[PDB]
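Presented as structure tokens, the chain that follows is alone, the form deposited in one PDB entry.
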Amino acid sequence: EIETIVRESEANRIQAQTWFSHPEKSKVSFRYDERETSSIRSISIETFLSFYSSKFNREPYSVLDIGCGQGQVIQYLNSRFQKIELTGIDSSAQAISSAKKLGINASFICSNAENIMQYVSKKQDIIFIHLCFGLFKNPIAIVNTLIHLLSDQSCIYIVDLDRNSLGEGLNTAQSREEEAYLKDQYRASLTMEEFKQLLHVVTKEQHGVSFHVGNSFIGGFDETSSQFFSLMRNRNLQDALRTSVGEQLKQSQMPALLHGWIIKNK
């Protein structure tokens, strides 16, 4: 039962979040994230851009980046499009300070993402939740809120750790502190089993809203999917994929990620 599952794992998520709110821990988390999670960024972004284009045959007018960190995703998107409404939200004041220093045409908000409605009213074409879902105290509540911010043609794209991938995660750790960090992060994560239930519950009563979940490398779409084929026709995604090859080991040696889509098409 997903509501119960989420409630009972709340303490784990609180503990994982200390790695972003406590001064000493935050140094460990930033260093690890920069070194080991930067490579996927381009892939994840080009995946949602290709999805959007394949689904609605236009570029998104707006992107909202949840847990935007130091603004790296927004920076990438800003260099990509001539005109796009970019908004990033993160509860770390240091992170938002860093994002604002980039001097980019974007709105950066420092707040719990739970509070998004206090700052944003315009419906968003894409809401991106990259590598932060398991940090939310109330992840169902935040998703319900974000669904209300979706435009008539839109998606939430969530990429996050799968709890059972801890072992492969630990193989990328380069210190005892990093080991402790990942142990806490993976403990707070969902499994595919849980994540599917979560996506089902938040979408089932919502007219014109559907979901997709998967752990395959490319948006969680497996190689049999017609949506997958459409995604892969996109040159920008193809180029990001080709470029990435030299940074990675065999698939079985890398941590599997959860990929979830909440898709609105009214």
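Shifts are known only where both forms have a C-alpha. Residues carry their position along the shown sequence, with the first being 1. Each form is matched to the other, and the largest set of C-alpha atoms that superpose within 1.5 Å is called the rigid core.
Chemist: Read off the CA B-factors in the entry, average them over 184-192 and over 77-85, and name the higher stretch.
Modeler: So the stretch with the higher mean C-alpha B-factor is 77-85.
Chemist: Would you determine, from the values in the PDB entry, which of 23-31 and 64-72 has the greater average C-alpha temperature factor?
Modeler: If you average the C-alpha B-factors of 64-72 and of 23-31, the larger mean comes out for 23-31.
Chemist: Quick check for you: using the entry's CA B-factors within this chain, is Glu46 in the lowest, middle or highest third?
Modeler: Answer is lowest: the recorded C-alpha B-factor places it there.
Chemist: Among the chain's modelled residues, which third holds the C-alpha B-factor of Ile40?
Modeler: According to the entry, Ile40 has a C-alpha B-factor in the chain's highest third.
Chemist: Thinking about Cα B factors across the chain, which third does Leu149 belong to?
Modeler: CA B-factor rank for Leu149: middle third.
Chemist: Sort the modelled residues of this chain by their C-alpha B factor and say whether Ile263 lands in the lowest, middle or highest third.
Modeler: For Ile263, whose C-alpha B-factor we compare with every modelled residue in the chain, the answer is the lowest third.
Chemist: What third of its chain's C-alpha B-factors does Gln17 belong to: lowest, middle or highest?
Modeler: Tercile = lowest for this residue's CA B-factor.
Absent from the display: the form deposited in another entry. The rest refers to it.
Chemist: Determine, after fitting the two forms on their core, whether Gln248 shows a C-alpha shift of 2 Å or more between the shown form and the other one.
Modeler: Yes, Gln248 moves 2 Å or more.
Chemist: Having a change of 3 Å or more in the C-alpha distance between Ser244 and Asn236, I'd like to know whether it is closer or farther in the other entry than in the form here.
Modeler: Compared with the shown chain, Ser244-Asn236 is farther in the other entry.
Chemist: Are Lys250 and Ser44 closer or farther apart at the Cα level in the other entry than shown, by 3 Å or more?
Modeler: Compared with the form shown here, the C-alpha atoms of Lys250 and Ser44 sit closer together in the other entry, by 3 Å or more.
Chemist: Which segments, of 3 or more consecutive residues, undergo C-alpha shifts of no less than 2 angstroms between the shown form and the other one following superposition on the core?
Modeler: When the rigid core is held fixed, residues 244-246, 248-253 are the runs that shift.
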